[PDB]
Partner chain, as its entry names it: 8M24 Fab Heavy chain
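To begin, one chain is listed below as structure tokens, in the form solved without the partner chain.
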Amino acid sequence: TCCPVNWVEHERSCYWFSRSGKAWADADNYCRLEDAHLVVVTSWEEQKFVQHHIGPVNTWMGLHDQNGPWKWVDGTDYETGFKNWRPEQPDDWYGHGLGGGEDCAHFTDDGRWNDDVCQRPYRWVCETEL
């Protein structure tokens, strides 16, 4: 009863799943304007719940290394926290030829994470805490 309309409640958090794509910085701005942040996944249980609602689609999360080390957007510690990288990721790939490596994390079609080019338009998930 405390999540906004069209948001999904799960373990004291509210989630909004986009049905359109945006570059990471744009999806980040979108979530912030809803008094929310790009989804911060801290457990296997929260990972399975997000997977259920996104399906087999590349989807941005609130994890990036644009300024150096890996950081979650709300300040949640990366080093000591949950990780679900696909084997061989993050790899900071430059071979896409678009400039730079790969600095934004997204869920891949099977749920496991990948670092990709932040400019790519992907769907995204916003999260707010109750």
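Residue numbers count along the first chain shown, from 1.
Heads up, the form solved in complex with the partner chain isn't pictured, but that's what we're talking about next.
Enquirer: Even though the partner chain is not shown here, does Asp35 get within 4.5 Å of it in the deposited complex, heavy atoms only?
Expert: Yes, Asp35 sits close enough to the partner chain in the deposited complex that at least one of its heavy atoms falls within 4.5 Å.
Enquirer: Looking at the partner-bound form in the deposited complex, is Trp72 within 4.5 Å of the partner chain by any heavy atom?
Expert: No, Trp72 is distant from the partner.
Enquirer: Even though the partner chain is not shown here, does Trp16 get within 4.5 Å of it in the deposited complex, heavy atoms only?
Expert: Although the partner chain is absent here, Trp16 would touch it in the deposited complex, with heavy atoms inside 4.5 Å.
Enquirer: Spell out, yes or no, whether the shortest heavy atom distance between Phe49 and the partner chain in the deposited complex is within 4.5 Å.
Expert: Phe49: no contact with the partner chain in the deposited complex.
Enquirer: Thinking of the partner chain in the deposited complex, which stretch from 101-109, 39-47, 25-33, 84-92 has heavy atoms inside 4.5 Å of it?
Expert: Comparing against the partner chain in the deposited complex, the contact stretch is 25-33.
Enquirer: Listed by sequence position, which residues of 91-130 have a non-hydrogen atom within 4.5 angstroms of the partner chain in the deposited complex?
Expert: The stretch touches the partner through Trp124, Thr128, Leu130.
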